[PDB]
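What follows is the content of work29.txt, which has compact mmCIF, N, CA, C and O atoms:
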```txt
# COMPACT_ATOMS: atom_id res chain seq x y z
N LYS A 357 10.76 -0.02 0.17
CA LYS A 357 9.92 1.07 0.65
C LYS A 357 8.65 1.18 -0.20
O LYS A 357 8.47 0.46 -1.19
N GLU A 358 7.74 2.06 0.23
CA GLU A 358 6.46 2.26 -0.46
C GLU A 358 6.14 3.75 -0.49
O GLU A 358 6.15 4.39 0.56
N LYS A 359 5.87 4.30 -1.68
CA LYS A 359 5.83 5.76 -1.80
C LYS A 359 4.92 6.17 -2.97
O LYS A 359 4.16 5.35 -3.51
N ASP A 360 4.99 7.45 -3.35
CA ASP A 360 3.91 8.28 -3.89
C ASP A 360 3.01 7.65 -4.96
O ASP A 360 1.80 7.51 -4.74
N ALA A 361 3.56 7.30 -6.13
CA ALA A 361 2.84 6.43 -7.07
C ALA A 361 1.58 6.96 -7.78
O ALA A 361 0.47 6.79 -7.27
N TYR A 362 1.75 7.64 -8.93
CA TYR A 362 0.66 8.26 -9.71
C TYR A 362 0.39 7.44 -10.97
O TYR A 362 1.30 7.22 -11.77
N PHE A 363 -0.86 6.98 -11.15
CA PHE A 363 -1.25 6.22 -12.34
C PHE A 363 -2.49 6.85 -12.97
O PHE A 363 -3.50 7.03 -12.29
N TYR A 364 -2.42 7.21 -14.26
CA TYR A 364 -3.55 7.93 -14.87
C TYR A 364 -3.60 7.82 -16.39
O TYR A 364 -2.64 8.18 -17.08
N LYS A 365 -4.75 7.36 -16.90
CA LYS A 365 -5.00 7.12 -18.32
C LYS A 365 -6.44 7.47 -18.67
O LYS A 365 -7.36 7.10 -17.94
N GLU A 366 -6.62 8.24 -19.75
CA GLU A 366 -7.86 8.29 -20.52
C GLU A 366 -9.14 8.43 -19.70
O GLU A 366 -9.88 7.45 -19.53
N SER A 367 -9.39 9.62 -19.16
CA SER A 367 -10.60 9.95 -18.41
C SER A 367 -11.87 9.36 -19.02
O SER A 367 -12.81 9.02 -18.30
N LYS A 368 -11.90 9.25 -20.35
CA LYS A 368 -13.07 8.76 -21.09
C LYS A 368 -14.28 9.64 -20.78
O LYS A 368 -15.39 9.16 -20.51
N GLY A 369 -14.05 10.95 -20.83
CA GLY A 369 -14.98 11.90 -20.28
C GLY A 369 -15.52 12.88 -21.29
O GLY A 369 -16.38 12.55 -22.11
N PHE A 370 -15.01 14.11 -21.24
CA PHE A 370 -15.53 15.22 -22.01
C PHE A 370 -14.71 15.41 -23.28
O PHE A 370 -13.53 15.05 -23.34
N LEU A 371 -15.35 15.98 -24.30
CA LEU A 371 -14.88 15.91 -25.69
C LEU A 371 -13.92 17.04 -26.09
O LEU A 371 -14.18 17.80 -27.02
N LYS A 372 -12.79 17.12 -25.39
CA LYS A 372 -11.61 17.83 -25.86
C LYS A 372 -10.40 16.99 -25.44
O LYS A 372 -10.43 16.34 -24.39
N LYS A 373 -9.34 17.02 -26.24
CA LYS A 373 -8.35 15.96 -26.15
C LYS A 373 -7.34 16.21 -25.03
O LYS A 373 -7.31 17.27 -24.39
N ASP A 374 -6.48 15.19 -24.80
CA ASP A 374 -5.43 15.21 -23.78
C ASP A 374 -6.02 15.24 -22.36
O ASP A 374 -5.57 15.99 -21.50
N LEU A 375 -7.02 14.38 -22.12
CA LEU A 375 -7.79 14.44 -20.87
C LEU A 375 -7.14 13.75 -19.66
O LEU A 375 -6.70 14.43 -18.73
N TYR A 376 -7.06 12.41 -19.63
CA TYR A 376 -6.26 11.74 -18.60
C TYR A 376 -6.55 12.06 -17.13
O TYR A 376 -5.78 12.79 -16.50
N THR A 377 -7.65 11.55 -16.57
CA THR A 377 -7.91 11.70 -15.13
C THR A 377 -6.93 10.86 -14.31
O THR A 377 -6.61 9.73 -14.68
N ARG A 378 -6.45 11.43 -13.20
CA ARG A 378 -5.44 10.79 -12.36
C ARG A 378 -6.01 9.90 -11.26
O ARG A 378 -7.07 10.20 -10.69
N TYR A 379 -5.30 8.80 -10.97
CA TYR A 379 -5.56 7.91 -9.86
C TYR A 379 -4.28 7.76 -9.04
O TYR A 379 -3.17 7.90 -9.55
N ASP A 380 -4.45 7.41 -7.77
CA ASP A 380 -3.34 7.30 -6.84
C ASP A 380 -3.05 5.83 -6.54
O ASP A 380 -3.97 5.03 -6.32
N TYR A 381 -1.77 5.50 -6.52
CA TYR A 381 -1.25 4.16 -6.35
C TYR A 381 -0.47 4.10 -5.05
O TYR A 381 -0.06 5.13 -4.50
N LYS A 382 -0.30 2.89 -4.52
CA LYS A 382 0.68 2.62 -3.47
C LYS A 382 1.77 1.75 -4.09
O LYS A 382 1.56 0.56 -4.33
N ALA A 383 2.95 2.35 -4.36
CA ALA A 383 3.87 1.65 -5.24
C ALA A 383 5.09 1.12 -4.50
O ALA A 383 5.58 1.75 -3.56
N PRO A 384 5.60 -0.04 -4.92
CA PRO A 384 6.83 -0.58 -4.33
C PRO A 384 8.03 0.27 -4.71
O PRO A 384 8.36 0.41 -5.89
N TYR A 385 8.68 0.84 -3.70
CA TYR A 385 9.85 1.69 -3.88
C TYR A 385 11.05 0.94 -3.31
O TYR A 385 10.98 0.40 -2.21
N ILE A 386 12.14 0.89 -4.08
CA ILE A 386 13.33 0.14 -3.70
C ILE A 386 14.55 0.92 -4.17
O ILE A 386 14.69 1.20 -5.37
N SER A 387 15.42 1.28 -3.23
CA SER A 387 16.40 2.34 -3.48
C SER A 387 17.61 1.85 -4.27
O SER A 387 18.14 2.57 -5.11
N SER A 388 18.08 0.64 -3.96
CA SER A 388 19.15 -0.06 -4.67
C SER A 388 20.54 0.53 -4.47
O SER A 388 21.54 -0.13 -4.76
N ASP A 389 20.62 1.77 -4.02
CA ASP A 389 21.90 2.39 -3.71
C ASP A 389 21.97 2.87 -2.27
O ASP A 389 22.91 2.53 -1.54
N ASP A 390 20.98 3.67 -1.84
CA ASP A 390 20.86 4.02 -0.43
C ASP A 390 20.79 2.77 0.43
O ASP A 390 21.31 2.74 1.55
N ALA A 391 20.14 1.72 -0.08
CA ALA A 391 20.07 0.46 0.64
C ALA A 391 21.46 -0.12 0.87
O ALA A 391 21.81 -0.50 1.99
N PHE A 392 22.26 -0.19 -0.20
CA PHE A 392 23.61 -0.73 -0.08
C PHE A 392 24.46 0.12 0.85
O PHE A 392 25.21 -0.42 1.68
N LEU A 393 24.38 1.44 0.73
CA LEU A 393 25.12 2.32 1.64
C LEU A 393 24.71 2.10 3.09
O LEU A 393 25.56 2.06 3.98
N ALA A 394 23.41 1.96 3.34
CA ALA A 394 22.95 1.66 4.70
C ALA A 394 23.52 0.34 5.19
O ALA A 394 23.97 0.23 6.34
N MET A 395 23.51 -0.69 4.34
CA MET A 395 23.99 -2.01 4.74
C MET A 395 25.48 -1.99 5.08
O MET A 395 25.89 -2.50 6.13
N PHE A 396 26.31 -1.45 4.19
CA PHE A 396 27.75 -1.56 4.35
C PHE A 396 28.48 -0.24 4.55
O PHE A 396 29.53 -0.23 5.20
N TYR A 397 27.97 0.86 4.00
CA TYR A 397 28.68 2.14 4.05
C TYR A 397 28.33 2.93 5.30
O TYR A 397 29.22 3.55 5.91
N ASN A 398 27.06 2.90 5.72
CA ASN A 398 26.65 3.59 6.93
C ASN A 398 26.97 2.77 8.18
O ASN A 398 27.73 3.21 9.05
N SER A 399 26.39 1.58 8.29
CA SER A 399 26.56 0.70 9.44
C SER A 399 27.49 -0.45 9.08
O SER A 399 27.33 -1.07 8.03
N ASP A 400 28.47 -0.72 9.95
CA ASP A 400 29.51 -1.70 9.68
C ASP A 400 29.36 -2.97 10.51
O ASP A 400 30.36 -3.63 10.83
N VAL A 401 28.14 -3.32 10.88
CA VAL A 401 27.91 -4.55 11.63
C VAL A 401 28.02 -5.76 10.71
O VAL A 401 28.75 -6.72 10.99
N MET A 402 27.27 -5.74 9.61
CA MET A 402 27.34 -6.78 8.59
C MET A 402 28.77 -7.06 8.17
O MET A 402 29.22 -8.21 8.15
N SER A 403 29.49 -6.00 7.79
CA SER A 403 30.87 -6.14 7.31
C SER A 403 31.76 -6.82 8.33
O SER A 403 32.49 -7.76 8.00
N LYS A 404 31.74 -6.34 9.58
CA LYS A 404 32.60 -6.91 10.61
C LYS A 404 32.24 -8.36 10.91
O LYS A 404 33.13 -9.20 11.11
N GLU A 405 30.94 -8.68 10.96
CA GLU A 405 30.54 -10.07 11.16
C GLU A 405 31.08 -10.96 10.05
O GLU A 405 31.60 -12.05 10.30
N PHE A 406 30.96 -10.51 8.80
CA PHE A 406 31.45 -11.30 7.67
C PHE A 406 32.97 -11.46 7.73
O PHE A 406 33.50 -12.53 7.42
N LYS A 407 33.68 -10.39 8.11
CA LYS A 407 35.13 -10.49 8.24
C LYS A 407 35.52 -11.48 9.33
O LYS A 407 36.49 -12.24 9.17
N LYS B 357 18.89 2.66 -25.50
CA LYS B 357 17.82 2.87 -26.46
C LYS B 357 17.08 4.16 -26.14
O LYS B 357 17.34 4.85 -25.15
N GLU B 358 16.15 4.52 -27.03
CA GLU B 358 15.33 5.71 -26.85
C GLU B 358 13.90 5.36 -27.24
O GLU B 358 13.67 4.86 -28.34
N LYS B 359 12.95 5.61 -26.34
CA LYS B 359 11.59 5.11 -26.51
C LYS B 359 10.64 6.09 -25.82
O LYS B 359 11.07 7.11 -25.28
N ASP B 360 9.34 5.73 -25.79
CA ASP B 360 8.32 6.66 -26.29
C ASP B 360 8.47 8.06 -25.71
O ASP B 360 9.29 8.83 -26.21
N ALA B 361 7.67 8.43 -24.70
CA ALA B 361 7.98 8.90 -23.35
C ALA B 361 6.81 9.79 -22.92
O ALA B 361 6.34 10.58 -23.74
N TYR B 362 6.38 9.77 -21.66
CA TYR B 362 5.20 10.54 -21.23
C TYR B 362 5.52 11.38 -20.00
O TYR B 362 5.90 10.84 -18.96
N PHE B 363 5.36 12.70 -20.11
CA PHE B 363 5.50 13.59 -18.96
C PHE B 363 4.25 14.47 -18.93
O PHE B 363 3.99 15.19 -19.90
N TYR B 364 3.49 14.42 -17.85
CA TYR B 364 2.22 15.16 -17.86
C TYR B 364 1.69 15.49 -16.48
O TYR B 364 1.44 14.60 -15.66
N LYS B 365 1.50 16.80 -16.25
CA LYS B 365 1.10 17.38 -14.98
C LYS B 365 0.18 18.58 -15.20
O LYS B 365 0.45 19.42 -16.06
N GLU B 366 -0.93 18.60 -14.46
CA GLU B 366 -1.66 19.81 -14.09
C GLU B 366 -1.84 20.84 -15.21
O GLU B 366 -1.16 21.87 -15.23
N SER B 367 -2.74 20.54 -16.16
CA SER B 367 -3.16 21.45 -17.24
C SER B 367 -3.34 22.89 -16.79
O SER B 367 -3.14 23.82 -17.58
N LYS B 368 -3.73 23.07 -15.52
CA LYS B 368 -4.00 24.39 -14.94
C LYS B 368 -5.12 25.09 -15.71
O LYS B 368 -4.98 26.22 -16.18
N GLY B 369 -6.23 24.39 -15.83
CA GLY B 369 -7.32 24.65 -16.75
C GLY B 369 -8.59 25.02 -16.01
O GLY B 369 -8.78 26.19 -15.64
N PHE B 370 -9.46 24.04 -15.78
CA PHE B 370 -10.79 24.27 -15.25
C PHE B 370 -10.72 24.33 -13.73
O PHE B 370 -9.77 23.85 -13.11
N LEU B 371 -11.74 24.93 -13.13
CA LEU B 371 -11.73 25.10 -11.68
C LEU B 371 -12.13 23.79 -11.01
O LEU B 371 -11.83 23.59 -9.83
N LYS B 372 -12.74 22.89 -11.77
CA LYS B 372 -12.88 21.50 -11.40
C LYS B 372 -11.61 20.73 -11.78
O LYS B 372 -10.94 21.05 -12.76
N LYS B 373 -11.29 19.72 -10.97
CA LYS B 373 -10.01 19.03 -11.01
C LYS B 373 -10.04 17.87 -12.01
O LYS B 373 -11.00 17.67 -12.75
N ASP B 374 -8.94 17.11 -12.03
CA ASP B 374 -8.74 15.94 -12.90
C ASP B 374 -8.54 16.35 -14.36
O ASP B 374 -9.08 15.74 -15.29
N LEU B 375 -7.73 17.40 -14.52
CA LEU B 375 -7.34 18.01 -15.80
C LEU B 375 -6.14 17.37 -16.51
O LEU B 375 -6.32 16.74 -17.56
N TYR B 376 -4.91 17.51 -16.01
CA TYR B 376 -3.75 16.67 -16.40
C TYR B 376 -3.50 16.56 -17.92
O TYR B 376 -3.74 15.53 -18.54
N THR B 377 -2.99 17.66 -18.50
CA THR B 377 -2.56 17.68 -19.90
C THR B 377 -1.24 16.93 -20.09
O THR B 377 -0.32 17.06 -19.28
N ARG B 378 -1.15 16.15 -21.18
CA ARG B 378 0.04 15.36 -21.47
C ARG B 378 1.04 16.10 -22.37
O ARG B 378 0.67 16.88 -23.25
N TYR B 379 2.33 15.84 -22.12
CA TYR B 379 3.43 16.27 -22.96
C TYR B 379 4.26 15.05 -23.33
O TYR B 379 4.32 14.07 -22.58
N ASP B 380 4.94 15.15 -24.47
CA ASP B 380 5.71 14.05 -25.03
C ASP B 380 7.20 14.33 -24.91
O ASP B 380 7.68 15.43 -25.20
N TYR B 381 7.93 13.29 -24.51
CA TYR B 381 9.35 13.28 -24.23
C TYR B 381 10.04 12.36 -25.23
O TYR B 381 9.40 11.51 -25.86
N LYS B 382 11.33 12.57 -25.42
CA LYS B 382 12.20 11.56 -26.05
C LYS B 382 13.15 11.07 -24.96
O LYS B 382 14.09 11.77 -24.57
N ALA B 383 12.89 9.86 -24.46
CA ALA B 383 13.52 9.51 -23.19
C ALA B 383 14.60 8.45 -23.36
O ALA B 383 14.47 7.55 -24.20
N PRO B 384 15.67 8.55 -22.58
CA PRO B 384 16.74 7.53 -22.60
C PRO B 384 16.23 6.23 -22.00
O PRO B 384 15.83 6.17 -20.83
N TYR B 385 16.23 5.17 -22.82
CA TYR B 385 15.76 3.85 -22.43
C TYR B 385 16.97 2.92 -22.41
O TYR B 385 17.79 2.95 -23.33
N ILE B 386 17.09 2.12 -21.35
CA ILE B 386 18.24 1.23 -21.17
C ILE B 386 17.77 -0.07 -20.54
O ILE B 386 17.19 -0.06 -19.44
N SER B 387 18.00 -1.19 -21.23
CA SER B 387 17.28 -2.42 -20.92
C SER B 387 17.90 -3.18 -19.76
O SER B 387 17.18 -3.71 -18.91
N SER B 388 19.23 -3.27 -19.72
CA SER B 388 20.00 -3.83 -18.61
C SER B 388 19.86 -5.35 -18.45
O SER B 388 20.67 -5.98 -17.77
N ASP B 389 18.84 -5.93 -19.07
CA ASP B 389 18.64 -7.37 -19.08
C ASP B 389 18.73 -7.94 -20.49
O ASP B 389 19.55 -8.82 -20.77
N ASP B 390 17.92 -7.39 -21.40
CA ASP B 390 18.09 -7.66 -22.82
C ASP B 390 19.48 -7.27 -23.28
O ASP B 390 20.07 -7.93 -24.13
N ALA B 391 20.03 -6.20 -22.70
CA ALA B 391 21.38 -5.76 -23.03
C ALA B 391 22.42 -6.83 -22.71
O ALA B 391 23.24 -7.19 -23.56
N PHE B 392 22.39 -7.34 -21.48
CA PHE B 392 23.35 -8.37 -21.09
C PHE B 392 23.17 -9.64 -21.91
O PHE B 392 24.15 -10.25 -22.36
N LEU B 393 21.91 -10.05 -22.11
CA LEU B 393 21.65 -11.23 -22.93
C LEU B 393 22.21 -11.07 -24.34
O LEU B 393 22.81 -12.00 -24.89
N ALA B 394 22.00 -9.90 -24.95
CA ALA B 394 22.58 -9.63 -26.26
C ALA B 394 24.10 -9.69 -26.24
O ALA B 394 24.72 -10.25 -27.14
N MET B 395 24.72 -9.09 -25.21
CA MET B 395 26.18 -9.05 -25.16
C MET B 395 26.78 -10.45 -25.06
O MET B 395 27.70 -10.79 -25.82
N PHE B 396 26.30 -11.27 -24.13
CA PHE B 396 26.97 -12.55 -23.89
C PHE B 396 26.14 -13.78 -24.22
O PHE B 396 26.71 -14.80 -24.60
N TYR B 397 24.81 -13.72 -24.10
CA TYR B 397 24.02 -14.93 -24.31
C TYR B 397 23.57 -15.09 -25.76
O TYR B 397 23.51 -16.22 -26.26
N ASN B 398 23.25 -13.99 -26.44
CA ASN B 398 22.86 -14.07 -27.84
C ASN B 398 24.08 -14.25 -28.74
O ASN B 398 24.19 -15.24 -29.46
N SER B 399 25.00 -13.29 -28.71
CA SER B 399 26.21 -13.32 -29.51
C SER B 399 27.39 -13.65 -28.61
O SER B 399 27.54 -13.06 -27.53
N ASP B 400 28.23 -14.60 -29.04
CA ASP B 400 29.32 -15.12 -28.23
C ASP B 400 30.69 -14.67 -28.72
O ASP B 400 31.68 -15.37 -28.54
N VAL B 401 30.76 -13.50 -29.35
CA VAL B 401 32.05 -12.97 -29.79
C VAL B 401 32.84 -12.42 -28.61
O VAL B 401 34.01 -12.78 -28.41
N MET B 402 32.21 -11.54 -27.83
CA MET B 402 32.82 -11.01 -26.61
C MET B 402 33.35 -12.13 -25.73
O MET B 402 34.52 -12.11 -25.30
N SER B 403 32.49 -13.10 -25.42
CA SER B 403 32.85 -14.20 -24.54
C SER B 403 34.07 -14.95 -25.05
O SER B 403 35.02 -15.20 -24.29
N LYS B 404 34.06 -15.34 -26.32
CA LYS B 404 35.17 -16.10 -26.88
C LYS B 404 36.47 -15.30 -26.88
O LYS B 404 37.54 -15.83 -26.57
N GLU B 405 36.40 -14.01 -27.23
CA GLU B 405 37.59 -13.17 -27.17
C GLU B 405 38.17 -13.12 -25.76
O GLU B 405 39.38 -13.26 -25.56
N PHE B 406 37.30 -12.92 -24.76
CA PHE B 406 37.77 -12.85 -23.38
C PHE B 406 38.37 -14.18 -22.93
O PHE B 406 39.39 -14.20 -22.22
N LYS B 407 37.75 -15.29 -23.30
CA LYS B 407 38.29 -16.60 -22.96
C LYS B 407 39.65 -16.83 -23.61
O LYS B 407 40.55 -17.41 -23.00
```
Same coordinates, now as structure tokens:
Amino acid sequence: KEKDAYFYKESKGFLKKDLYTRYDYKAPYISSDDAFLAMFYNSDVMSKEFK
Amino acid sequence: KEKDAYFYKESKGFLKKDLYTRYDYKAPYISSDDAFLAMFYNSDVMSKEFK
């Protein structure tokens, strides 16, 4: 999947500390558990074919 | 492991945006790859005992 993704470092701007201007990313999202549940726990097509 | 850690949202400061004050965390770090390599590939005590 692809989801929210916030990346932000060092505004390099005005002279008081802890500045950090934000930028927006499109980030690779991969569930690793919901995916497995969808594959075998939710839908049983894969499982039955393999059996 | 435990390593650096950065949590930072919305300074709630100036009426102009891109504020984003940083806070520091002590965060649970877990390698999962270096860990396995250390367990079985670096040191072979575990492996030999199991064999």
message = If we count only N, CA, C and O atoms and set the cut-off at 8 Å, which residues sit around residue B:362, ignoring sequence neighbours fewer than 2 positions away in its own chain? Please answer as a PyMOL selection string.
response = chain B and resi 359-360+364-365+378-383
inquiry  = Near chain A, meaning an atom within 4.5 Å, which residues of chain B appear when counting all atoms listed in the file? Write them as a ChimeraX atom specification.
reply    = /B:374-378
query = Running DSSP on the backbone, which parts of chain A land in strand (DSSP E), as a list in words?
reply = residues 358, 359, 362, 363, 364, 378, 379, 380, 383 and 384 of chain A
Filtered DSSP result for chain A, state alpha helix (DSSP H), as a ChimeraX atom specification = /A:390-392,401-406
task = To one decimal in Å, tell me the separation between atom CA of residue A:358 and atom CA of residue A:386.
result =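 Separation of atom CA of residue A:358 and atom CA of residue A:386: 7.9 Å.
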